[PDB]
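Enquirer:
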Amino acid sequence: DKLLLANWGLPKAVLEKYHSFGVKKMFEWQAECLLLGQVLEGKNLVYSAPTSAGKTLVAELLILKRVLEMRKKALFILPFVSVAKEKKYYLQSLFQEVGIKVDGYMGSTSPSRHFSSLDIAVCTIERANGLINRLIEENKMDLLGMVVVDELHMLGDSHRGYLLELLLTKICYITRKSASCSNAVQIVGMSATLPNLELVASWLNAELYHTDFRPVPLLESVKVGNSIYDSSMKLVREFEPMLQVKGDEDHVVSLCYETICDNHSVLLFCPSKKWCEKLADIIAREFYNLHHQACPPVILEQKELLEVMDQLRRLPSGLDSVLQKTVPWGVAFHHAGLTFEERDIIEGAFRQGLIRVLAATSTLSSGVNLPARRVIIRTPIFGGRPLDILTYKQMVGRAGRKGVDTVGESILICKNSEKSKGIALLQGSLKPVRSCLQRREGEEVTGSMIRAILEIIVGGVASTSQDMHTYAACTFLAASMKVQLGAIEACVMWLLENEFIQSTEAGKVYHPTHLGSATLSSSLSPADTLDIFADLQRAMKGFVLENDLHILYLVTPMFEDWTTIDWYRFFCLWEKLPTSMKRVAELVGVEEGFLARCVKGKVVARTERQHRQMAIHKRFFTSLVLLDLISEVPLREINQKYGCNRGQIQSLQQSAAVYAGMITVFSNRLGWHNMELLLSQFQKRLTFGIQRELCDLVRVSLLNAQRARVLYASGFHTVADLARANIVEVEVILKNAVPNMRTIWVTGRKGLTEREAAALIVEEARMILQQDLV
Numbered sequence: 067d068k069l070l071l072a073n074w075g076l077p078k079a080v081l082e083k084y085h086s087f088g089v090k091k092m093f094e095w096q097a098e099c100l101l102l103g104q105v106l107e108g109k110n111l112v113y114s115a116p117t118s119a120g121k122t123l124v125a126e127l128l129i130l131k132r133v134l135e136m137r138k139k140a141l142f143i144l145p146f147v148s149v150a151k152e153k154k155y156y157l158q159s160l161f162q163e164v165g166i167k168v169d170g171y172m173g174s175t176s177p178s179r180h181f182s183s184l185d186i187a188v189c190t191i192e193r194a195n196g197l198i199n200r201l202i203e204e205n206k207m208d209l210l211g212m213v214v215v216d217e218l219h220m221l222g223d224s225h226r227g228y229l230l231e232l233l234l235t236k237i238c239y240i241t242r243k244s245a246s247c256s257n258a259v260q261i262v263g264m265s266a267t268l269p270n271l272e273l274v275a276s277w278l279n280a281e282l283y284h285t286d287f288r289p290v291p292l293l294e295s296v297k298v299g300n301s302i303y304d305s306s307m308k309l310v311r312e313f314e315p316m317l318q319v320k321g322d323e324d325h326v327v328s329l330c331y332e333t334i335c336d337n338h339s340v341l342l343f344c345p346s347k348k349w350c351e352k353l354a355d356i357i358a359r360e361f362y363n364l365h366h367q368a377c378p379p380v381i382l383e384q385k386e387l388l389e390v391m392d393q394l395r396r397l398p399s400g401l402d403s404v405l406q407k408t409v410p411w412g413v414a415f416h417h418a419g420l421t422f423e424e425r426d427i428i429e430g431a432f433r434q435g436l437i438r439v440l441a442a443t444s445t446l447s448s449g450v451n452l453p454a455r456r457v458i459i460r461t462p463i464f465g466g467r468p469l470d471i472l473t474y475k476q477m478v479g480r481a482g483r484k485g486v487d488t489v490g491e492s493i494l495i496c497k498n499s500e501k502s503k504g505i506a507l508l509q510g511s512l513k514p515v516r517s518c519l520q521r522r523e524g525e526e527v528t529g530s531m532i533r534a535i536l537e538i539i540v541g542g543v544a545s546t547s548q549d550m551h552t553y554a555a556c557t558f559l560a561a562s563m564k577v578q579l580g581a582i583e584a585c586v587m588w589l590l591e592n593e594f595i596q597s598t599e600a606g607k608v609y610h611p612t613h614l615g616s617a618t619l620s621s622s623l624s625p626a627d628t629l630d631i632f633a634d635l636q637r638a639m640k641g642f643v644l645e646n647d648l649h650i651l652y653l654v655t656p657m658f659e660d661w662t663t664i665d666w667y668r669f670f671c672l673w674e675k676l677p678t679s680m681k682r683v684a685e686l687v688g689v690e691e692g693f694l695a696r697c698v699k700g701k702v703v704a705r706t707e708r709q710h711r712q713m714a715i716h717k718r719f720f721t722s723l724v725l726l727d728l729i730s731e732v733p734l735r736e737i738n739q740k741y742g743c744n745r746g747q748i749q750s751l752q753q754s755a756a757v758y759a760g761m762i763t764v765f766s767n768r769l770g771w772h773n774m775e776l777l778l779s780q781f782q783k784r785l786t787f788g789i790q791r792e793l794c795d796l797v798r799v800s801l802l803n804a805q806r807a808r809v810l811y812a813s814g815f816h817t818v819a820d821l822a823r824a825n826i827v828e829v830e831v832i833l834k835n836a837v838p858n859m860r861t862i863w864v865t866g867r868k869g870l871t872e873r874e875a876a877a878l879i880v881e882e883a884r885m886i887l888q889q890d891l892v
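Here the sequence shown stands for residues 67 to 247, 256 to 368, 377 to 564, 577 to 600, 606 to 838, 858 to 892, numbered as in full-length UniProt numbering.
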């Protein structure tokens, strides 16, 4: 037998840690994937297995093979910051004991370790591409030995999807060019079972592995009326409801209750925030009725659920008025309107089995591993459309708790009017992946192709048109075709006419300008960079230093439907808005006659002139919300003042802090030294949402804006003075100022006691000095 990780011969420290995770023995498919010929010898690999099959273990063992037997660095590229955070702390708590230094590049976060000191960088797609562009700039591509790509099916039709192709095409081009005129950078890709996954493997010259193995079977089925029908439209059951819930006709509450009697846990995907909250309220009342009616009674581990409510109540947002009534029973909800900290606690309490029913929006289906014993889906229609089969299979694939269940179950609840949509979701299979670089009818260029051509010219890895046609032959567009020769020339002509690149006589040799080099280094989209450049110049002709709002208008993103603006509120603020802020508004182009039109009725954009005229006002409203964040105005007071949800504000922080970083590097490369001197404070300041003084203390990763303000209020104004602090004094400050059941929540950890958090804070401050002095 050679399926035990001990016989595979891993380092002792990771082996013992894997045993502590229960990973005693790998699946036959993982061994068969790792023994797939040259895969263990550096050839690229692409494999697809169900997410619950433990698919990432194969990538983790290949990272060891490329960071130990070669002392070369590896990227781990992930679709979302939460997944990147979770994977970062998992990899750290696994590999740190062999000395492999894991850190990561995700959102506005950046490591205090320089990349030369890393072995593994856990990246989001956008931060990975920015990293590779810098390694090309530095001529340090010799430092990479691997790239691991999760969710490689993201490669198609997505706003950050093509960045994954633009990354992998550059890695392929530079390596294959170096060989043509051992695989240097092993790419490991993980995907859904796309029908054209052979093509992606052949594009990457990868070995392909596919399996449909799941560690527990999956009774994927549909319910209509009382009848529950199989995917083949055999009858599975006729559902007698255990509970006569009078308020709801689809029996969903009794369909949850049916398995809760077994002490199993249910996950319940709902079309919308209000449908989740309405449904979680109903289910909790039926558990309350059932408890007094006591059809077995529920046992709820009640003392632990009280701790969950205490942790929630000690967040800056407090205990949600709907969570207050549901959570005591082990019923809750999970939706994009909650904070990240509320969601992380509620995800944790569901994982621990304290919360037994969770009504969730579709956004849970991608960003977390929550295994559930039933996955109910309340309708085949979501957001006014049929479900995407990728989303539906991301939902249903969460049925079955690995090693706990015999089989997973999923019920699509379906009306008689919807049965044809329902069966189509059950039987349907994913669309083949197709790249964004296919310019549509009526398009001469695409922003993805322009960025591709810019990155190679400004990076210098393609200089002539002979090289640009050679680069394109490495593209998944070409591999899918195997027009494009014209698409290259059209993109070159746009960059030339604006002089992001300058043409010179040899054929033609093309070189960047400073505007090209700045737009590359910023990672801004070059089509937008013409507006950003002209905006920043026009600000420098006359900048209002009188407040930070004119800076916030420049670092705030373009509007992204992050909220629905209440224009009657906005104009009623525009009266009270301070004159030092209405002076900014005049400079940036906000107009109160157009606000009156927005109050008067619907306003629309027929022209690009009218599109920006509206964007200017939405961008100003966003900058006011940021100005309240930047001044530590509580999220409840921002909500009441502007109408935003907590999760809308907290997600605006992430994009504004990312964008504040880009605009700093853009101004730095152009040499607007007076702008970068002003802008550079705002990335950290927006990320946490703090005054200028907290910005030093916040360097401690245990301190958020709340904990930094209580330490600043006590007198620990700086990290050096905090490192001096007596641990008992930090304890007493936290013990007093925050208002042992894990009082404090730390996003990288479970909840901490006051004694544990205070000691870790002081020792982390001392370590930061050691790292800063070194």
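By construction, the Cβ of each residue, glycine as well, lies at the ideal position given by its N, Cα and C atoms.
If we ignore side chains and look at the alpha-carbon of each, how far apart do residue 343 and residue 359 end up?
Expert: If you number the sequence shown from 1, residue 343 lands on position 269. If you number the sequence shown from 1, residue 359 lands on position 285. So the alpha carbons of these two residues sit roughly 19 Å apart.
Enquirer: For residue 686, tell me which candidate among 661, 674 and 636 has the shortest Cα-Cα distance.
Expert: In the sequence shown, the residue the question calls residue 686 occupies position 587. It is 636.
Enquirer: Kindly list the residues whose CB is nearer than 8 Å to the CB of residue 146, restricted to its own chain and excluding five residues on each side of it in sequence; keep chain order.
Expert: Position 80 of the sequence shown, counting from 1, holds the residue named residue 146. These residues qualify, in order along the chain: 190, 448 and 449.
Enquirer: Cα-Cα, which of 519, 545 and 468 is closest to residue 580?
Expert: As a position in the sequence shown, residue 580 is number 486, starting the count at 1. Among 519, 545 and 468, the Cα nearest to that of residue 580 belongs to 519.
Enquirer: Answer yes or no: do residue 237 and residue 261 have a C-beta to C-beta separation smaller than 8 Å?
Expert: Here residue 237 refers to the residue found at position 171 of the sequence shown. Here residue 261 refers to the residue found at position 187 of the sequence shown. A contact, by the Cβ cut-off of 8 Å.
Enquirer: Excluding five sequence neighbours on each side, which residues of the same chain lie with their C-beta closer than 8 Å to the C-beta of residue 468?
Expert: The residue given as residue 468 occupies position 386 in the sequence shown. Answer for residue 468: 462, 503, 506 and 507, listed in chain order.
Enquirer: Of all the beta strand (DSSP E) runs that stay within the bounds of the stretch 383-418, which reach a length of 3 or more residues?
Expert: Listed in chain order, the complete beta strand (DSSP E) runs (minimum 3 residues) inside the stretch 383-418 are 413-416.
Enquirer: Which residue marks the beginning of the alpha helix (DSSP H) containing residue 335, and which one marks its end?
Expert: On the sequence shown, residue 335 is found 261 positions in, with the first residue counted as 1. Segment: none, residue 335 is in no alpha helix (DSSP H) and carries neither H nor E.
Enquirer: Just grab the DSSP bridge partners of residue 311 for me.
Expert: Indexing the sequence shown from 1 puts residue 311 at position 237. Answer is 302.
Enquirer: If we call anything under 8 Å between Cβ atoms a contact, is residue 617 one with residue 719?
Expert: Translated into the one-based positions of the sequence shown, residue 617 becomes position 518. Translated into the one-based positions of the sequence shown, residue 719 becomes position 620. In this structure, residue 719 does not lie closer than 8 Å to residue 617 by Cβ.
Enquirer: Note down, in chain order, each residue of its chain lying with its Cβ closer than 7 Å to the Cβ of residue 509, except the 5 sequence neighbours on either side.
Expert: For the purposes of this step, residue 509 is identified with residue 427 of the sequence shown, where counting begins at 1. 305.
Enquirer: Just to confirm the assignment, what range does the beta strand (DSSP E) spanning residue 611 have?
Expert: Your numbering for residue 611 matches position 512 in the sequence shown. First-last of the beta strand (DSSP E) with residue 611: 607-611.
Enquirer: So does the stretch 276-287 actually touch the stretch 109-129, counting three or more Cβ pairs closer than 8 Å?
Expert: Yes, they touch.
Enquirer: Comparing C-alpha positions only, which one of 717, 303 and 652 sits nearest to residue 662?
Expert: Looking up residue 662 in the sequence shown gives position 563. That would be 717, whose Cα lies nearest to the Cα of residue 662.
Enquirer: Excluding the 5 residues preceding and the 5 following residue 754 in the sequence, name in chain order all residues of the same chain whose CB lies nearer than 6 Å to its CB.
Expert: Here residue 754 is taken as the residue at index 655 of the sequence shown, counted from 1. The residues are 656.
Enquirer: Where residue 485 and residue 290 are concerned, what is the direct C-alpha to C-alpha distance, given to the nearest angstrom?
Expert: Taking the first residue of the sequence shown as position 1, residue 485 is located at position 403. Taking the first residue of the sequence shown as position 1, residue 290 is located at position 216. Those two C-alpha atoms are separated by around 8 Å.
Enquirer: Pick helix, strand or coil for residue 291, following the three-state DSSP scheme.
Expert: Here residue 291 corresponds to residue number 217 of the sequence shown, with the count starting at 1. If DSSP states are grouped into helix, strand and coil, residue 291 belongs with coil.
Enquirer: By a C-beta neighbour count over all protein chains shown, 10 Å radius and 16 as the cutoff for buried, is residue 248 buried or exposed?
Expert: Within the chain, the sequence of modelled residues goes 247 then 256, so residue 248 has no position in this structure.
Enquirer: To the nearest angstrom, report how far apart residue 151 and residue 168 are at their CA atoms.
Expert: Numbered from 1 along the sequence shown, position 85 holds the residue referred to as residue 151. Numbered from 1 along the sequence shown, position 102 holds the residue referred to as residue 168. Going from the Cα of residue 151 to the Cα of residue 168 covers about 12 Å.
Enquirer: Given that a residue counts as buried once 16 or more other Cβ atoms are within 10 Å of its Cβ, and exposed if not, what is residue 235?
Expert: Taking the sequence shown and counting its residues from 1, the one referred to as residue 235 is at position 169. The residue is buried, with at least 16 neighbouring Cβ atoms inside 10 Å.
Enquirer: Does residue 669 come out as helix, strand or coil in the three-state DSSP assignment?
Expert: In the sequence shown, counting from the first residue as 1, residue 669 sits at position 570. In the structure shown, residue 669 sits in a helix (DSSP, three-state: H, G or I).
Enquirer: For residue 595, which residues from the same chain have a beta carbon less than 6 Å from its beta carbon, with the 5 sequence-adjacent residues on both sides left out?
Expert: The residue given as residue 595 occupies position 501 in the sequence shown. For residue 595, where only same-chain residues beyond five positions count, the Cβ hits under 6 Å are 539, 589, 609, 611 and 615.
Enquirer: Bridge partners of residue 264, per DSSP?
Expert: On the sequence shown, position 190 is the one that residue 264 refers to. DSSP, once it has assigned bridges, lists 113 as partnering residue 264.
Enquirer: In angstroms with no decimal places, state the Cα-to-Cα distance between residue 210 and residue 488.
Expert: Residue 210 sits at position 144 when you count from the first residue of the sequence shown. Residue 488 sits at position 406 when you count from the first residue of the sequence shown. Rounded to whole angstroms, residue 210 to residue 488 spans 43 Å at the Cα level.
Enquirer: So, using beta-carbon positions, are residue 881 and residue 830 closer together than 8 Å?
Expert: In the sequence shown, residue 881 corresponds to position 763, counting from 1. In the sequence shown, residue 830 corresponds to position 731, counting from 1. Not a contact, by the Cβ cut-off of 8 Å.
Enquirer: Residue 667: buried (16+ other C-beta within 10 angstroms of its C-beta) or exposed?
Expert: By 1-based counting over the sequence shown, the position of residue 667 is 568. Exposed, by the Cβ-count rule.
Enquirer: Within its chain, find whatever has a CB closer than 7 Å to the CB of residue 100; leave out the 5 residues flanking it on each side and keep chain order.
Expert: Counting from 1 along the sequence shown, the entry for residue 100 is found at position 34. So the qualifying residues of the chain are 106, 124 and 127.
Enquirer: What is the residue span of the beta strand (DSSP E) that residue 343 lies within?
Expert: Here residue 343 refers to the residue found at position 269 of the sequence shown. 340-343 is the extent of the beta strand (DSSP E) around residue 343.
Enquirer: Can you have a look at residue 217 and say buried or exposed, based on whether 16 or more other CB atoms are within 10 angstroms of its CB?
Expert: Here residue 217 corresponds to residue number 151 of the sequence shown, with the count starting at 1. By the 10 Å Cβ count, residue 217 comes out buried.
Enquirer: Output the boundary residues of the alpha helix (DSSP H) element that contains residue 141.
Expert: Stepping through the sequence shown from its first residue, residue 141 is reached at position 75. Run containing residue 141: none in the alpha helix (DSSP H); it sits in the beta strand (DSSP E), 139-144.
Enquirer: Of the choices 578, 286, 794 and 214, whose alpha-carbon is the least far from that of residue 268?
Expert: Position 194 of the sequence shown, counted from the start, is the residue given in the question as residue 268. With distances taken between Cα atoms, residue 268 lies closest to 286.
Enquirer: What does the alpha-carbon distance come out to for the pair residue 722 and residue 677?
Expert: For the purposes of this step, residue 722 is taken as the residue at position 623 of the sequence shown. For the purposes of this step, residue 677 is taken as the residue at position 578 of the sequence shown. Spanning the two alpha carbons is a distance of roughly 14 Å.
Enquirer: Buried or exposed: which applies to residue 402, given that a residue is buried once 16 or more other Cβ atoms fall within 10 Å of its Cβ?
Expert: In the sequence shown, residue 402 corresponds to position 320, counting from 1. Classification of residue 402: buried, given that the 10 Å Cβ count is 16 or more.
Enquirer: Report yes if the CB atom of residue 683 is closer than 8 Å to the CB atom of residue 649, and no otherwise.
Expert: Residue mapping note: residue 683 aligns to position 584 of the sequence shown, counting from 1. Residue mapping note: residue 649 aligns to position 550 of the sequence shown, counting from 1. Going by C-beta atoms, residue 683 is nearer than 8 Å to residue 649.
Enquirer: Tell me, please, which residues DSSP counts as bridged to residue 477.
Expert: As a working note, residue 477 is residue 395 in the sequence shown. According to DSSP, which records beta bridges pairwise, residue 477 is partnered with nothing at all.
Enquirer: Would you mind giving the Cβ-Cβ distance between residue 544 and residue 553, rounded to the nearest angstrom? I have them listed as a contact below 8 Å.
Expert: For the purposes of this step, residue 544 is identified with residue 462 of the sequence shown, where counting begins at 1. For the purposes of this step, residue 553 is identified with residue 471 of the sequence shown, where counting begins at 1. Indeed they touch by this definition, with Cβ atoms about 5 Å apart.
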